[PDB]
Amino acid sequence: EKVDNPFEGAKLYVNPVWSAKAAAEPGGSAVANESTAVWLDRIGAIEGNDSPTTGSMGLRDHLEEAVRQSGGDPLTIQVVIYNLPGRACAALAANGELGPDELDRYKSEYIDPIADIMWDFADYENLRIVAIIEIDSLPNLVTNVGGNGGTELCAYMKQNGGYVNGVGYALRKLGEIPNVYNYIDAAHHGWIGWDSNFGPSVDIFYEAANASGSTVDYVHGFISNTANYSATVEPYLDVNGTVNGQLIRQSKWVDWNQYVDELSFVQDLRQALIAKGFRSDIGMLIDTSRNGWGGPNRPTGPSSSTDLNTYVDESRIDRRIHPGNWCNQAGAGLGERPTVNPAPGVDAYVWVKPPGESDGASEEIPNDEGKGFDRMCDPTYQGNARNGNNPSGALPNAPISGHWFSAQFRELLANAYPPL
Ligand SMILES: OC[C@H]1O[C@@H](O[C@H]2[C@H](O)[C@@H](O)[C@H](O[C@H]3[C@H](O)[C@@H](O)[C@H](O[C@H]4[C@H](O)[C@@H](O)[C@H](O)O[C@@H]4CO)O[C@@H]3CO)O[C@@H]2CO)[C@H](O)[C@@H](O)[C@@H]1O
Ligand SMILES: OC[C@H]1O[C@@H](O)[C@H](O)[C@@H](O)[C@@H]1O
Ligand SMILES: [Ca+2]
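Residues numbered from 1 in each chain as written, not as in the entry; some residues may be left out. Chains lettered and ligands numbered in written order. Heavy atoms only, no water.

In the PDB archive, X-ray crystallography is given as the structure determination method for this entry, at a resolution of 2.00 Å.

Per the PDB entry, the protein chain goes by CELLOBIOHYDROLASE. GLYCOSYL HYDROLASE FAMILY 6 and derives from Thermobifida fusca. Quoted verbatim from the Sequence similarities (unreviewed entry) heading of the UniProt record, the comment on the protein chain is "Belongs to the glycosyl hydrolase family 6." (UniProt positions renumbered as here; feature names shortened; annotations may be inferred.)

The structure is reproduced here in structure tokens:
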């Protein structure tokens with residue numbers, strides 16, 4: 001009874017809090033009426049906490065504003081569910097208020113009040129709520145547990161079931177509401193694109209969909225590239241191709257990945273998920289908030305070079321040093337503006353990470369948000385295992401994650417692709 005694609009035939013919510021911030025930047029009015037997802041990054045964001053990350057509007061305020069903007073007609077608002085116990089276990093930049101052992105509080109004081117408020121809007125037939133479920137969670141339990149270079153926190157979160165059970169609980173509690181459309185976060189190709197990660201990610205997504213009373217029927221789809229920068233399509237790069245003998249996969253950039261972009265990745269992932277037992281009518285989202293890679297540095301065509309790495313590095317639109325470089329990435333541009341069904345199996349391109357909001361502090365900044373200083377956000381950081389021992393590529397003088405980052409907004413705007 002829920003529509004096949006909640007983005008289809010709907011006006012998109014414009015967040016007034018985000019809109020004002022964009023509009024106050026030079027030239028920012030050009031994108032200030034774009035739809036971005038509303039993040040519930042703290043229990044305080046539910047009622048509203050006048051914070052640097054969520055401002056003066058609580059969830060009810062946003063849904064009232066969504067109803068107002070709708071004018072009676074179909075309108076879709078995206079709400080990011082983002083407060084798991086031991087949140088973001090592989091990193092420190094977006095750690096949260098709920099510790100590893102606080103699943104009970106996640107249920108009672110976070111998911112339950114959210115569900116309560118959403119139920120109050122169930123009488124608006126044309127309001128659609130897209131719930132984006134727990135970014136940067138489950139894939140960590142595949143790639144950051146055991147072996148070498150993992151974290152004890154991720155190991156613990158796998159052991160105690162907090163991520164799997166927390167996700168299943170969100171899926172059921174929100175999914176049983178008539179106008180709520182759940183999308184599970186699915187990392188990105190430069191995370192779980194490899195053979196060793198792909199299948200196990202599929203399995204853990206299925207496990208979470210069946211935890212805490214959930215079934216696959218509470219899952220409308222999956223989102224990739226959330227708050228990341230991976231290219232939607234690499235127009236001059238073929239993952240299966242070859243440069244003068246040497247395979248594309250042998251390049252430093254691709255490094256045996258099954259994929260070079262998000263589109264091929266989510267289309268294959270969609271098929272795997274259906275095969276695993278997810279509904280055949282699931283659809284994929286791609287966060288294109290920051291993946292346009294436009295401006296003067298954008299390749300205008302494939303390289304003429306016959307050397308493998310030279311060809312790949314000159315041909316790729318994603319210009320990062322390493323695909324594992326995730327924080328405040330230097331040179332990034334706004335990607336495709338939100339678009340309905342742009343490609344086979346894709347419900348929408350969307351702006352989930354709101355452009356101009358930081359990925360993390362570039363230094364030690366005191367806060368009550370539970371957020372530490374992650375060195376992957378430090379421009380001077382020389383890397384580790386999970387990035388091939390490379391410089392971080394992160395922008396200097398960055399504020400706490402979610403805080404307004406003028407310099408990043410301005411560069412994203414300048415590097416928009418397609419141009420504005
Ligand atoms: O997306 C925003 C989110 O990012 C989190 O960090 C993620 C990175 O986004 C992601 O690119 C990174 O992916 C790793 C992956 O975990 C490894 O399993 C994989 O290992 C490869 C290796 O690179 C190859 O040399 C080898 O041949 O194959 C193996 C696989 O078998 O490498 C990739 C790329 O580095 O994982 C990160 C998490 O650890 C942030 O933590 C978070 O803050 C952000 O919100
Ligand atoms: O900007 C969107 C979100 O980004 C996350 O990395 C932060 O931790 C949140 O506070 C913020 O709401
Ligand atoms: Ca569908």
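So that's the structure; there's more coming.
A.B. asks: Quick question: what am I supposed to make of the state of the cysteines here?
C.D. replies: When the sulfur atoms of two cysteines share a covalent bond, that bond is a disulfide. Going through the model one piece at a time under the given rule, you end up with 2 disulfides. The partner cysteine of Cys 89 in its disulfide is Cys 154, sulfur to sulfur 2.1 Å. Its S-S torsion of about 105° marks the bond between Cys 89 and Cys 154 as right-handed, since a negative value means left-handed. Taken as a pair, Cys 89 in the loop between β3 (75-81) and α4 (103-119) and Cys 154 in helix α6 (residues 152-160) lie far apart in primary sequence, 65 residues in all. One exposure class covers both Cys 89 and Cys 154, and it is buried. If one numbers only the bonded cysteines of the protein chain, in the order they occur, the disulfide pattern is 1-2, 3-4. (Disulfide = S-S within 2.5 Å. Helix = DSSP H or I, 4+ residues; strand = E, 2+ residues; numbered from the N terminus. Buried < 20%, exposed > 50% of the residue type's maximum accessible area, 1.4 Å probe, protein only.)

A.B. asks: I keep staring at the side chain of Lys 173 and nothing clicks. Help me out?
C.D. replies: Mapped onto the secondary structure, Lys 173 falls in helix α7 (residues 162-175). Residue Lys 173 is classed as buried on the basis of its relative accessible area, which comes to 17%. Leave out the neighbours within four places in its chain, and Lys 173 touches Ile 111, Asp 112 and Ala 115. (Contact = heavy atoms within 4.5 Å.)

A.B. asks: Just to check I follow, could you spell out the packing of helix α3 (residues 59-70) against α4 for this structure?
C.D. replies: Each pair of packed helices gets described by two things: the angle between the helix axes and the distance between those axes. Packing of α3 against α4 leaves a shortest axis separation of 10 Å and a crossing angle of 25°. By the angle class used here, α3 and α4 are roughly parallel. As α3 runs across α4, the sense of the crossing is right-handed. Here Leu 59, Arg 60 and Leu 63 of α3 come into contact with α4, specifically with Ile 114, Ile 117 and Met 118. Split into classes, the residues belonging to the contact of α3 with α4 amount to 5 nonpolar, no polar and 1 charged. (Axes fitted to C-alpha atoms, helices over the stretch in contact; angles between N-to-C directions. Parallel < 35°, antiparallel > 145°, perpendicular 65-115°, else oblique. Left-handed = near helix turned anticlockwise from the far one by under 90°. Nonpolar A, V, L, I, M, F, W, Y, C, P; charged D, E, K, R; others polar.)

A.B. asks: I keep staring at the site of ligand 1 and nothing clicks. Help me out?
C.D. replies: In the neighbourhood of ligand 1, 17 residues make up the surrounding shell, with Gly 190, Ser 196, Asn 228, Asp 255 and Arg 386 lying closest. At a separation of 3.0 Å, an oxygen atom of ligand 1 approaches a polar side-chain atom of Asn 197. With respect to ligand 1, the backbone of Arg 386 contributes an N or O atom lying 2.7 Å from an oxygen atom. Here ligand 1 loses 79% of its free accessible area of 840 Å² to cover by the protein chains. Of all elements in the fold, only α8 (189-192) and α9 (195-209) reach the threshold of two or more residues within the shell around ligand 1. Class assignment for the residues of the shell around ligand 1 results in 5 nonpolar, 9 polar and 3 charged. (Near = heavy atom within 4 Å. Polar contact = N/O pair within 3.5 Å; in protein donor to acceptor, adjacent residues only side chain to side chain. Areas by Shrake-Rupley, 256 points an atom, 1.4 Å probe, with all protein chains shown as cover.)

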